[PDB]
Structure formats: structure tokens, C-alpha cells
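Have a look at the structure below before the remarks.
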Amino acid sequence: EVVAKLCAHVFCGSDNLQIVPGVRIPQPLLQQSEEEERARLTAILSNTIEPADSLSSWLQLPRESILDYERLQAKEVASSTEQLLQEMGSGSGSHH
């Protein structure tokens, strides 16, 4: 269903899609020049800049889930460090 919604957003669109909040992709023009349209899309890519919150803004998922995944990665690291510290004498907290 995630793939389905992304296909509903990226493909279905008329004259203005706004894949990301900053960029708008206009549908082909009446001049019907393919070199001109290539240059047009290259320019629409050159003008835009990837925001800092790109993983939460360009991807429709929110920022809370970003913080959660970061927390998860940190928890993995800390747990592995503690388990390594107990297997070779380095943890007074666990000690009894």
C-alpha cells in the first residue's frame, strides 16, 4: 500500500505535481521540443536544494518516526557496547 500511494502521488497529476514541497514539475509544453524540455527539467533540478529535514519532508513520513529510528540506532549501539563491556569485565552497574 505504501508503494501504491507513492505511485498515486508521483504519476497521477495534471500540469503541476509538486513531488516535493519546493519543486513543481510542469507537464510538457506546446513547443514540443525535447531538447528544450530536457534543459527545462535539468534547470528545475539545478534550482532546487535538498532541505535539512529531507528524510521527513520529501518522504511523506513524519519527523517523529525519524527521531524514533535515530533512537533505535542509538539503542542498538548502546546495547551492543554494554554487552561487550560485560563479557570482559567493565560494568560496575551490572555487578550484582
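Chain lettering (A, B, ...) mirrors the order of the C-alpha cells, residue numbering begins at 1 for each chain separately, and ligand numbering begins at 1 in order of display.
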
Which of chain A DSSP labels alpha helix (DSSP H), written as a ChimeraX atom specification: /A:2-10,34-47,54-57,63-86

Residue selection dump (C-alpha atoms) as a CSV table (one decimal), in the first residue's frame:
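Result file is selection-v1.csv:
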chain,number,residue,atom,x,y,z
A,2,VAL,CA,2.9,2.4,0.6
A,3,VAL,CA,4.1,1.6,-3.0
A,4,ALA,CA,0.6,2.2,-4.2
A,5,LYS,CA,0.3,5.6,-2.5
A,6,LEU,CA,3.7,6.6,-3.8
A,7,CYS,CA,2.6,5.6,-7.4
A,8,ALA,CA,-0.7,7.6,-6.9
A,9,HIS,CA,1.3,10.7,-5.9
A,10,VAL,CA,4.2,10.5,-8.4
A,34,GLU,CA,12.5,17.6,-26.5
A,35,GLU,CA,16.0,19.2,-26.1
A,36,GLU,CA,14.2,22.3,-24.7
A,37,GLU,CA,12.3,20.1,-22.2
A,38,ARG,CA,15.5,18.3,-21.2
A,39,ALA,CA,17.1,21.6,-20.5
A,40,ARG,CA,13.9,22.7,-18.6
A,41,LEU,CA,14.0,19.7,-16.3
A,42,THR,CA,17.7,20.0,-15.8
A,43,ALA,CA,17.1,23.6,-14.7
A,44,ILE,CA,14.3,22.6,-12.4
A,45,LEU,CA,16.7,20.2,-10.8
A,46,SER,CA,19.6,22.7,-10.6
A,47,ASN,CA,17.4,25.4,-8.9
A,54,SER,CA,14.7,15.9,3.6
A,55,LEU,CA,14.0,12.4,5.1
A,56,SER,CA,10.8,13.7,6.7
A,57,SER,CA,9.7,16.3,4.1
A,63,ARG,CA,9.6,13.7,11.8
A,64,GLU,CA,8.5,11.7,14.9
A,65,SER,CA,9.3,8.5,13.1
A,66,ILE,CA,12.7,10.0,12.1
A,67,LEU,CA,13.5,10.6,15.8
A,68,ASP,CA,12.3,7.1,16.6
A,69,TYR,CA,14.6,5.4,14.0
A,70,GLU,CA,17.5,7.5,15.3
A,71,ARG,CA,16.7,6.4,18.9
A,72,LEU,CA,16.6,2.8,17.6
A,73,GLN,CA,20.0,3.0,16.1
A,74,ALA,CA,21.4,4.6,19.2
A,75,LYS,CA,19.8,1.9,21.4
A,76,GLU,CA,21.4,-0.8,19.2
A,77,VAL,CA,24.8,0.8,19.6
A,78,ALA,CA,24.5,1.3,23.4
A,79,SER,CA,23.2,-2.3,24.0
A,80,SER,CA,26.0,-3.9,22.0
A,81,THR,CA,28.5,-1.7,23.8
A,82,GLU,CA,27.1,-2.8,27.2
A,83,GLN,CA,27.0,-6.5,26.2
A,84,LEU,CA,30.7,-6.2,25.1
A,85,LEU,CA,31.6,-4.5,28.3
A,86,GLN,CA,30.1,-7.2,30.5

Just the residues within 12 Å of residue 49 of chain A, please, counting only C-alpha atoms, with nothing from its chain fewer than 6 positions along; format it as a CSV table (one decimal) with N, CA, C and O atoms, in the first residue's frame.
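Writing done, so here's around_1.csv:
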chain,number,residue,atom,x,y,z
A,20,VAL,N,8.0,17.2,-4.4
A,20,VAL,CA,8.5,17.7,-3.1
A,20,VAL,C,8.0,19.1,-2.9
A,20,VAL,O,7.6,19.8,-3.8
A,21,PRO,N,7.9,19.5,-1.6
A,21,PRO,CA,7.3,20.8,-1.3
A,21,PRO,C,7.8,22.0,-2.1
A,21,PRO,O,7.1,22.9,-2.4
A,22,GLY,N,9.1,21.9,-2.5
A,22,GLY,CA,9.7,23.0,-3.2
A,22,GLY,C,9.6,23.0,-4.7
A,22,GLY,O,9.4,24.0,-5.4
A,23,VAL,N,9.7,21.8,-5.3
A,23,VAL,CA,9.8,21.6,-6.8
A,23,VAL,C,8.4,21.4,-7.3
A,23,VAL,O,7.6,20.7,-6.6
A,43,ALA,N,17.1,22.3,-15.5
A,43,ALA,CA,17.1,23.6,-14.7
A,43,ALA,C,16.3,23.5,-13.5
A,43,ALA,O,16.6,24.0,-12.4
A,58,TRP,N,10.5,15.3,2.0
A,58,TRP,CA,10.4,14.7,0.7
A,58,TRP,C,9.7,13.3,0.8
A,58,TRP,O,8.9,13.0,-0.1

- request: To one decimal in Å, tell me the separation between atom CA of residue 25 of chain A and atom CA of residue 13 of chain A.
  value: 9.5 Å

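The space between atom CA of residue 24 of chain A and atom CA of residue 60 of chain A spans 16.0 Å.
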